[PDB]
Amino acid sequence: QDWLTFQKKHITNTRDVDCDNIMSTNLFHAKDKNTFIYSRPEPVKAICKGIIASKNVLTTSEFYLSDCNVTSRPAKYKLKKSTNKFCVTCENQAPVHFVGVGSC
C-alpha cells in the first residue's frame, strides 16, 4: 500500500528468513506464501525512480529472493532461496506493492 509497508512485507535483511516464525505474525497472518527480497532498501527503492502514476515495473537486474512456501502442515514452511527479476507497483517514485516474480 505504501513504501513503509512494502519494506516490512517484502524486504528482508537476512536471506535466512525465519519462515515459521515471521509468517505466523499479524503482518502475514499464516498465509501460504510470501516472497522476500534480500537487499538493503535504497537499491530496491531506486527501481521506481521517476515514476509518478501507479505503474508495474519489472526489474532489469536479478535480485536475491527468499520465499516462505507452506508445507502440507499449516503454518510449517520451507524456505527457498533463488535469484530472479521481480515486478513491483511503483507509485510516486517508490515501490508500494509486490506483484510477482519473473514477470508483471
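A residue's number is simply how far along the shown sequence it sits, counting from 1.
A.B. asks: In the PDB entry, which of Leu65, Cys48, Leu79, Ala75 has its C-alpha at the highest B-factor?
C.D. replies: So the option with the highest C-alpha B-factor is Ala75.
A.B. asks: Thinking about Cα B factors across the chain, which third does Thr25 belong to?
C.D. replies: Within its chain, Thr25 is a highest-third residue by C-alpha B-factor, going by the deposited values.
A.B. asks: Split the chain's modelled residues into thirds by Cα B-factor; is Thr14 in the lowest, middle or highest one?
C.D. replies: It belongs to the middle third of the chain when residues are ordered by C-alpha B-factor.
A.B. asks: Of the three thirds of its chain by CA temperature factor, lowest, middle or highest, which one includes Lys55?
C.D. replies: Lowest third, going by the recorded CA B-factors of the chain.
A.B. asks: Taking only the Cα B-factors deposited for this chain, tell me whether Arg40 sits in the lowest, middle or highest third.
C.D. replies: According to the entry, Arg40 has a C-alpha B-factor in the chain's highest third.
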